[PDB]
Ligand SMILES: Nc1ncnc2c1ncn2[C@@H]1O[C@H](COP(=O)(O)OP(=O)(O)OP(=O)(O)O)[C@@H](O)[C@H]1O
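Protein chains in written order, with the entry's author numbering: chain C, 4 to 74; chain B, 2 to 511; chain L, 2 to 161; chain J, 106 to 156; chain I, 106 to 156; chain F, -6 to 302; chain E, -6 to 459.
Now the structure itself:
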């Protein structure tokens, strides 16, 4: 548990054999009014639109591992 | 024979002592020491800006109190310190002497140790910072201003509550030049200050010797500042050298505050901010120029009864606490075009700009023509220097504009030849010299010869000494009641009769 | 050498992982796995690996292999994410952070570290430090009692 | 001249007095270095039994 | 000023000679006060032998 | 300035400078305008969270200061974001920068208490015809046809002054048209308030104008937050039947505080010493003073240019 | 600093050029600028550690370039201070920059264990006072007086009379005032070392004078580190009873070497390349241009400022610190003269009436009025017609020409420089020969009898031989 993630820190540091992050969804790590990092999304397309909370087509910037920048 | 009283104080103080502490108490441990920036890993949950003394007579304050380590403030030597001395538990912060009991002696950076005594106590060792006054209780009192210049005493004066941004020119002179205010004004009767920003032996010896030997000594405070200061004494001179000024302006008396040049104040704090990886902008300074000038330049205001009725804790509620804002600066040949110069000079009331062309050429005129002006003007002074002595723009603009354009356009008529003798003779003969004291006789001598017609008969340069000495000594010695006209306003039957009879008899009998 | 990354490994393993009776596995796994690579062989030979399975499986399963799910999961996640390169404050951060519910330690009286069992303020320090038993040890206990009056009287009275 | 002579005599007489550094250094060094004599187990009880 | 310089030098020399002549009384009083009030052992057995 | 409901949140972490990095709740962060009234020292110093972050330590910025706080100050959770007190009853005394007063007591007329963040530009029910106005003068109305509820700029030097515009506009526009003309002020002097206010006793406008000035002794966030009083207090009279008409002072407080605060926070922005929030505040705030169906929203655009830049 | 060895050893992890990643043992370093004399390769290099982050792992820098050693240098510091070889009996030899032989001669004659003790006088001394001793000259000594040990910063271009300053100042600063003198040799080469060594050693500017050295071939630290050795080696001779004289190199070496060395190293750089800390040392200059309680360090500065200027940034501070100005061109020596010194362009700053008097202020009015009236009246009549010559124009070509132009005399010890040696003048020759003989005293007075006279008093008394 290097980074403080509470749920993902204890679950990833105590049970790393079960990840299950291939649904191309999950949630977001943070939200700084626009600059939101979409957590997970391993099988998601880079640049594709996705309906988040509300009514906005949030498209990712690039596919850099699982830390994709959603806008 | 030499101890006497030292045996009782040393035996009683050395025999009494107190107890032994330093047990189960975190006094703060320093992790490293990068010559000033000491990472104190401990005692971070205290006051914001607690100047805790470490090993010796210092004042290490918390520069950035984070969640772990915090940087310390350097107060003297810090290059020879290592990482092992830790610190000490101290809750005191900004413990300076504030009061009117020590206003007059030679003050220092943190106290009054620059004089020969050193035991100049005040009313209470409180904080050294100063805040602004009342918003609706800032009633400015229009009082007379008599510095030491014969031409600036009736052109644009600043009594109480005015902020005139003075710009002193370099190369004779900004540190002295017109330093005849203490010798010409005699007893000021106010709590004026004189904060310095990089002094030496010639400035402290010549200023301390000429100030005490030529004028009143114990009348105004003087915060001395050496050139070896970092940022706790050089950059905090305008913000920390306004304690005594808060002792008379908030009670009901008069107070003032004057600083030195703006180069050491704005340049001394730029190295500690840029050298510690903080914020920067205009000349290695972000928003530190706008926050420091608000509680210093716009803080010296004349209070009324509402602002002083609650700050004095029941004392002189009927009196009005006046405070003159004497914000002067030393411009390096007109070096005022930055954010601090435009914001500090434009955010105040007046702005007097002086050039070195008229003073660095051998003339007695130190101020420029039309560039040095205040905000209240000559109407806030006496009655004789308001409606009878206030035409510097007409004689300076008419004489300079009508006499300066005579190269290609010659053959002057009657409208151009009359301004050369009156403008050149009045401007060249009515200007004060270097270190010249000026009393209250400028309105009687300037409101008679430059209004009726006594100076038109003697417009020559050689007749100024015999006419001025014979008419001034004969008129001033033959009638002692005329000086009483300088004790108040005037501009009535006594001014016209005494000025016409004294000017006609003294000018015609010489 | 985690500093800021040391609060998650010590605070996240003492609350959610404390319900599985992992009070003894963290000390033996963290002390054995962190102290086993303190020489000049496993640190330079295991820290310069290319993948995380060889360094985590070899360094966490070849030098005793006295771990279980927390050792393999914490060593694989910490080694693959970047936290197993040092791990020097795992015993002090995990023991001090995990043992904060019954932490009882005093200070020193200008002598040696006594470490009394005082959980609160002025608990057992007055009786344990004033009910001799022991009054003065050989670590300059009685000789350091005059530093307050001698340093205060000499330093405060040295100006004259 | 009288004020300068009085200030110079007071500053020279008050600053030339070496009783502070001489008496503080000699009394502090002699008292701090000469305290080991006649202090076996009697000085440890009065300074260690007061805790 | 030249006539006052001799009085200032004589006053400074008189203060230095008075302090030097009083150094024995200051060292003896400081040694007696420090030895009699050192907060350790009231015993003047060890001589300081100060100036 | 928010309605606290619960008073929980948590402790803090770091407190270096004006960056309020207090660790409040874990997965229960508030909104942007919902400030946390932390008990730092003695008073309840609230800090507006400009950008929320995970864990608890969010990027918040306070207006004034904490008046000496420790590293673990207790915070408090809120419910209603930007809950200040205003309304159409502010025309009677001088206002402050947080809905309170600066002259006498009464918090500049305590009446309603709704949201401080009013709406910028809108249509549908708003007046889209953009009718013209008439001030009733021969050298103001006959020479320049101003619109009903527009942001007309001003230039030049002296000559007229605040006494001619306030005294001439506080009686002709007040009797010739139904509406309350208020004012504002950000970046003024500390002594002018002790003199210019006396003009209110020479024209009888103090009972029909809400003087909301911040002077200049505070910082950027404590003196530049006068936008909620004008927009929140001016919307109660313009959307009821009257016509609000504010009056700005200068642009040095909004430009210097916005560019210095937005560019000195560790992020890049515009060029030539400017910030990237000038188009949103200037375009969103400049288009908000428009005509509506219940009253025209007029505002005196008294912005000061940087020496013709 | 650190002298000389001990404190266990060390191990360098990363080796670079100057500022490398030096790391010693656990808690084994000293104070700031600790020159740890360690065997870096072959010679014993002294790397001064300016930083003090932790204990051992600090930023160390030597006087030259340490690029060449392997990754594993043993850096060992010490505990005492680095005592450089300085004292009061070091005058007469040729010292180096670190304390050795310059031109393969004698080193420091006195070893007072000076550990970079920068002597600075405070307010409890002889500050301030004026000197105005002999030279000997008349207009150069009366029209341009100096303070008691002040920094007389001059300013001049190419061909401003280099032999008149060293020849005329080599005898007055070694026999008239104090016998202990020093000379700065930093920033020299073939022409500077050969001309300064041959001209200074062939006359009377070597004994007794502590000639320093210093080459700018390596870094700027060794060639610009003249504050400790210069302020502690040349000013240490003033405590013996008399004063002390010294020299300077150039004003561009401090700003160029300080800004380039402080900006080309990485750290200490935030004022657009300028150093905001070293400039603070300039604030201590007022403590070095005055008389102390035991002597007076007369630091005679050279004719160097901001790229050879007289009214710039660095040139305005050198002229305002003294009691005169700084102006020297080829107009005075271009019309046939011995001493290249301007009299009308180099006026005294303290020539008023409050800090002078009748006899002290009477010399400035005669030289200024005779020079301005003689130059303006002689140039106006000579640039037009000879019929417009009344009394000042017709009489200023004899009394004002010889009196105002009689300052070009030889040196006091010019036995192998200018040929004949001039006599020693005082202050009575300038006031007595210029306060009455410059307007019309001896009537007939040509310029032939006052062209080689060492004083102005002989310009009117010895006019019978022409
Ligand atoms: N208008 C003037 N006319 C003649 N002399 C003047 C005038 N103003 C100042 N002086 C002279 O200047 C002297 C004071 O100079 P001062 O110490 O103020 O220079 P300074 O401000 O230190 O110069 P710098 O700004 O270059 O450092 C006084 O002795 C005075 O005689």
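The C-beta atom is built at its ideal place from N, Cα and C for all residues, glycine as well.
- Query: Distance, Cα to Cα, residue 133 of chain F vs residue 162 of chain F?
  - Reply: Near 11 Å, if we compare the C-alpha coordinates of residue 162 of chain F and residue 133 of chain F.
- Query: The alpha helix (DSSP H) spanning residue 60 of chain C covers which residue range?
  - Reply: It is not in any alpha helix (DSSP H) - residue 60 of chain C instead sits in the beta strand (DSSP E) that spans 60 to 62.
- Message: Just to confirm, is the Cβ distance from residue 440 of chain E to residue 394 of chain E under 8 Å?
- Response: For residue 440 of chain E and residue 394 of chain E, yes; Cβs fall inside 8 Å.
- With distances taken from each beta carbon to the nearest heavy atom of ligand 1, which residues come in below 5 Å, in chain order? In chain order, the hits are B:171, B:172, B:173, B:174, B:175, B:176, B:177, B:178, B:360, B:367 and B:435.
- Message: Quick check on residue 74 of chain E: does DSSP put it in helix, strand or coil?
- Response: DSSP places residue 74 of chain E in coil when its eight states are reduced to three.
- Message: Using only the alpha-carbon positions, how far apart do residue 70 of chain C and residue 55 of chain F sit?
- Response: Roughly 31 Å between the two C-alpha positions.
- Task: Taking only the alpha-carbon atoms, compute the straight-line gap between residue 179 of chain B and residue 398 of chain E and give it to the nearest angstrom.
- Result: A straight-line Cα-Cα distance of about 37 Å links residue 179 of chain B and residue 398 of chain E.
- Message: Counting only beta-carbon separations shorter than 8 Å, does residue 341 of chain B have a partner in chain E?
- Response: Not one beta carbon of chain E lies nearer than 8 Å to the beta carbon of residue 341 of chain B.
- Query: Counting only beta-carbon atoms, is residue 155 of chain J nearer than 8 Å to chain I?
  - Reply: Residue 155 of chain J is outside the set of residues whose beta carbon lies under 8 Å from a beta carbon in chain I.
- Item | residue 395 of chain B classed as buried or exposed, judged by whether at least 16 other C-beta atoms fall within 10 angstroms | Burial call: exposed.
- Note down, in chain order, all residues in the segment 130 to 155 of chain J with a beta-carbon under 7 Å from any beta-carbon belonging to chain B. In summary, no residue of the segment 130 to 155 of chain J has a CB separated from any CB of chain B by less than 7 Å.
- Query: Considering only residues of the segment 85 to 173 of chain F, which uninterrupted alpha helix (DSSP H) runs meet the minimum length of 4 residues and lie entirely inside it, listed in chain order?
  - Reply: Listed in chain order, the complete alpha helix (DSSP H) runs (minimum 4 residues) inside the segment 85 to 173 of chain F are 155 to 162 and 165 to 169.
- Task: Note down, in chain order, every chain B residue with its Cβ under 8 Å from the Cβ of residue 158 of chain L.
- Result: Those within 8 Å of residue 158 of chain L in chain B are 11, 14 and 15.
- Taking the CB atoms as reference points, tell me whether residue 166 of chain E and residue 291 of chain E lie closer together than 8 Å. Inclusion of residue 166 of chain E and residue 291 of chain E in the CB contact set at 8 Å is warranted, their separation being smaller than that value.
- Query: Which runs of the beta strand (DSSP E) spanning at least 3 residues fall entirely within the segment 3 to 61 of chain F, listed in chain order?
  - Reply: Taking only runs of at least 3 residues, the beta strand (DSSP E) segments lying wholly in the segment 3 to 61 of chain F are 29 to 31, 38 to 44 and 52 to 55.
- If I'm right that residue 242 of chain F touches residue 181 of chain F with Cβ under 8 Å, what's the distance once you round it to whole angstroms? About 6 Å separates the beta carbons of residue 242 of chain F and residue 181 of chain F, which is inside the 8 Å limit, making them a contact pair.
- Message: 8 Å is my cut-off, CB to CB: does residue 7 of chain F come that close to chain C?
- Response: Interface annotation, residue 7 of chain F: not in contact with chain C, CB-CB separation never under 8 Å.
- Residues of chain E with a CB under 8 Å from the CB of residue 272 of chain B: which are they? Near residue 272 of chain B (Cβ distances below 8 Å), the residues of chain E are 263, 264, 269 and 270.
- Message: Alpha carbons only, please: which of B:486, B:7 and B:366 is nearest the one belonging to residue 129 of chain J?
- Response: Comparing Cα positions, the closest option is B:7.
- Task: Pick out whichever of B:438, B:152, B:73 and B:113 has its Cα sitting closest to the Cα of residue 424 of chain B.
- Result: Of the listed residues, the one whose Cα sits closest to residue 424 of chain B is B:152.
- Message: Could you check whether residue 13 of chain F and residue 40 of chain F sit closer than 8 Å to each other, using their CB atoms as the reference points?
- Response: Judged by beta-carbon spacing, residue 13 of chain F lies within the 8 Å limit of residue 40 of chain F, meaning their Cβ atoms are closer than that value.
- When the Cα atoms are used, what is the spatial distance from residue 102 of chain E to residue 204 of chain E? The C-alpha of residue 102 of chain E lies about 12 Å from the C-alpha of residue 204 of chain E.
- Would you mind giving the Cβ-Cβ distance between residue 239 of chain F and residue 223 of chain F, rounded to the nearest angstrom? I have them listed as a contact below 8 Å. The pair is a contact, with the Cβ atoms about 5 Å apart (cut-off 8 Å).
- Item | CB-CB length for residue 4 of chain B against residue 134 of chain I, believed under 8 Å | About 7 Å; that satisfies the 8 Å criterion.
- Query: Measuring CA to CA, which of J:107, J:140, J:146 and J:150 is closest to residue 150 of chain I?
  - Reply: It is J:140 whose Cα lies nearest to the Cα of residue 150 of chain I.
- Message: Under DSSP, the beta strand (DSSP E) around residue 38 of chain C begins and ends at which residues?
- Response: From DSSP, the beta strand (DSSP E) with residue 38 of chain C extends over 38 to 41.
- Cα-Cα, which of F:229, F:259 and F:250 is closest to residue 111 of chain F? Per the C-alpha coordinates, the member of F:229, F:259 and F:250 positioned closest to residue 111 of chain F is F:229.
- Do residue 143 of chain E and residue 278 of chain E come within 8 Å of each other at the CB atom, strictly closer than that value? Residue 143 of chain E sits away from residue 278 of chain E, with the two beta carbons spaced by 8 Å or more.
- Query: When the distance is taken between beta carbons, is residue 143 of chain J closer than 8 Å to residue 136 of chain I?
  - Reply: It is not a contact, given that the beta carbons lie outside the stated cut-off.
- Message: Suppose you measure from the CA of residue 191 of chain E to the CA of residue 374 of chain E; what does that come to, to the nearest Å?
- Response: Approximately 47 Å between the Cα atoms of the pair.
- Query: Taking Cβ positions only, does residue 43 of chain L come closer than 8 Å to chain J?
  - Reply: By this cut-off, residue 43 of chain L is not an interface position.
- Those residues which DSSP pairs with residue 329 of chain B across a bridge: Paired residue(s): B:167.
- Task: Would you tell me roughly how many angstroms separate the C-alpha atoms of residue 424 of chain E and residue 136 of chain E, rounded to the nearest one?
- Result: Taken atom to atom, the span from the alpha-carbon of residue 424 of chain E to that of residue 136 of chain E is near 10 Å.
- Query: Would you say residue 148 of chain E and residue 320 of chain E are within 8 Å of each other, going by their C-beta atoms?
  - Reply: In this structure, residue 320 of chain E lies closer than 8 Å to residue 148 of chain E by Cβ.
- Message: Can you tell me whether residue 85 of chain B is buried or exposed? The criterion is at least 16 other CB atoms within 10 Å of its CB, across all chains shown.
- Response: Exposed: under 16 other Cβ atoms inside 10 Å.
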